[PDB]
């Protein structure tokens, strides 16, 4: 019932590629340092989000078997998951342990960053729900890989090929949820639960950026391609 040699291998490979990530401290210090204007925060968001896409493409190309997929499906999988992965990474960083009152300050600073009021509540409740699961670094890494490798995505021609790649990650995640958290047998199901709720941020992702309380909404060409902006 414990991780097979192949599953230990899959895991370590996923964890190393996921570790190529931007340092979470960098992000949270900057936000906690001073209270920036909605305009400075929009710019920080656009730069953080463009770099995120760049890092996501690299992590994705390294996902076992991703390179073997149809080129157009490769684009639809990345385009279909990029926003979700950014929200999942934002969720992770939100629940990263900080000194007393810092998490409350980080929350208040994000709350007054320039994002429209209509997006605030669903965004923070997802961040808190991820937190209530006290997810490990290997869970965030596997969940990101599972999110990218989702076959039930609009425009995927060969879903079965995507199913073949998502299944070993689902199996590894399940085993980790049973070996490392036997007190909560529902843990794997609850992680799969968060994934369905991650999909709710895609409906109005472009509007999240367009309603930012700034006079001008400038984006990078890469962001324009991933977000449905400009």
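Just so we're on the same page, rigid core means the largest C-alpha set that superposes within 1.5 Å between forms. Positions refer to the first chain, counted from 1.
#### Entry: More variable segment, 31-39 or 184-192 [Cα RMS over structures in 9 other deposited structures of this protein, core-superposed]
Looking at 31-39 versus 184-192 in 9 other deposited structures of this protein, the farther one turns out to be 31-39.
### Query
After a core fit, does 10-18 or 202-210 show the bigger CA gap to the shown form in 9 other deposited structures of this protein?
Once the cores are fitted, 202-210 deviates more in 9 other deposited structures of this protein.
### Task
Using the B-factors recorded in the PDB entry, average over the C-alpha atoms of 122-130 and of 85-93, then report which stretch comes out higher.
Here the higher of the two C-alpha B-factor means belongs to 122-130.
### Message
I need to verify one thing: averaged over C-alpha atoms only, is the B-factor higher for 140-148 or for 73-81?
### Response
Averaged over C-alpha atoms, the B-factors run higher in 73-81.
### Task
Going by the CA temperature factor in the entry, name the top one among 180, 52, 164, 199.
Highest C-alpha B-factor among the listed residues goes to 180.
### Task
Sort the modelled residues of this chain by their C-alpha B factor and say whether residue 210 lands in the lowest, middle or highest third.
Its C-alpha B-factor, which the entry lists for residue 210, ranks in the middle third among residues of this chain.
### Task
Within this chain's modelled residues, let me know which third the CA B factor of residue 14 belongs to: lowest, middle or highest.
For residue 14, whose C-alpha B-factor we compare with every modelled residue in the chain, the answer is the middle third.
### Task
State the tercile, meaning the lowest, middle or highest third, of residue 26 with respect to the CA B-factors recorded for its chain.
CA B-factor rank for residue 26: highest third.
### Query
Considering only modelled residues of the same chain, in which third does the CA B-factor of residue 40 rank: lowest, middle or highest?
For residue 40, whose C-alpha B-factor we compare with every modelled residue in the chain, the answer is the middle third.
### Message
For the chain shown, is the CA B-factor of residue 170 in the lowest, middle or highest third of its modelled residues?
### Response
As the PDB entry reports it, the C-alpha B-factor of residue 170 lands in the lowest third of its chain.
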